[PDB]
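Residue numbers (PDB author numbering), protein chains in the order written: chain B, 13 to 143; chain C, 13 to 143; chain A, 13 to 143.
Virtual Cβ for every residue (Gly too), placed ideally from N, Cα, C.
The structure is reproduced here in structure tokens:
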């Protein structure tokens, strides 16, 4: 009974250390290439009714704007306030191009977007879906 | 006479907690690579007289329904309120196919079930027997 | 994770050393023939919003202005600090003729320019598309 709790604390912590090391190694690409690395902070609530995505991306480097988004393997087209200035900020990106049927069907779950930067590497956004 | 019962309750429940912990650690891999993350929140109450699960399943993905349950190596059948729509609700599932003679013996105790979702992966469910 | 980082560092260093060797060969030719050669020192920034190009051209020869530039296989027009006086300096020229949206779409990445001097020679300018 005692050995099943120390076997879960270690799993929970190992999920975290590996992710921290992975993030540190991800950052080394932007640190050496000379371009800032954009990563999201917190969670995002993509709206099925409007298509607006409310992210909180933070970047440490140049000011680069996104060009496209990938939803469930289907390409999209971004719009709205897309500049991604330096420092943490809030952006109301309105993606469009995919049929709204998937958006209204998939209400409640947390899908994983892939916003495509102009400069290079993309940023993976895990966004919940609201009504 | 007193220690022989407290050395049995602890063993029986240690099996349960170890199985639940390893089920969580196993479903973590599936939710990590490709599949969903349908897990149980809390503990369920399985009636022994009529037979009805009251599980509290939380999932973030497509709507998937269970197809069969396992109660100590015995396959069962599911019918009732079983659709599992995205979110975290309470589902009343009427289990069937099990004889009403192997459950009332251990009323007031806890067992471990195994629900078989539509998308393949199985979730370990902890249930308490109620008369 | 280590292999990818090592490959990235080696790729960047290979680019830098190849460009250095090429510049050395060009300078050798210029010294042999009698007239100096315009070689860019370091990197350059090209603002997509405005079109002004900041370059660090140097030449150990006569003062020859530049007349045209090549962007993505499309000729353009130049103006501004276009004199290119003898000695290393920091010249700021304004590109003209490129479509603003196309270059705006590529903020952050690096491209290759090709300036056209008046004497009858060209200088390759690798520029970062800032904005």
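Of the residues A:115, A:78, A:122, A:82, the one whose Cα lies closest to the Cα of residue 132 of chain A is A:78.
Residue 13 of chain A sits in coil when the DSSP states are folded into three classes, being neither helix nor strand. In the structure shown, residue 135 of chain C falls within a strand segment according to DSSP collapsed to helix, strand and coil. Taking the Cα positions, residue 120 of chain C is about 5 Å away from residue 141 of chain C.
Annotation: Cβ neighbours of residue 72 of chain C in chain B (cutoff 7 Å, chain order): 121, 122. Within 9 Å of the CB of residue 22 of chain C, the CB atoms of chain B belong to 13, in sequence order along the chain. With its beta carbon at least 8 Å from every one in chain B, residue 139 of chain C lies outside the interface. Between residue 47 of chain B and residue 80 of chain B, the C-beta gap is not smaller than 8 Å, which leaves the two residues out of contact. The DSSP-derived three-state label of residue 110 of chain C is coil.
Residue 66 of chain C places its beta carbon 8 Å or farther from that of residue 75 of chain C.
In this structure, residue 53 of chain A sits away from residue 93 of chain A, with a CB-CB distance that is not shorter than 8 Å. Per DSSP, the unbroken alpha helix (DSSP H) holding residue 45 of chain B starts and ends at 18 to 45. For residue 128 of chain B, the three-state secondary structure derived from DSSP is strand.
By a beta-carbon distance limit of 8 Å, residue 114 of chain B contacts residue 84 of chain B. Their separation comes to about 7 Å. The count of Cβ pairs closer than 8 Å, one atom from the region 95 to 111 of chain C and one from the region 15 to 34 of chain A, stays below three, leaving the stretches out of contact. From the beta-carbon of residue 143 of chain A, the residues of chain B found nearer than 7 Å are 75. For residue 87 of chain B, the beta-bridge partners assigned by DSSP are B:82.
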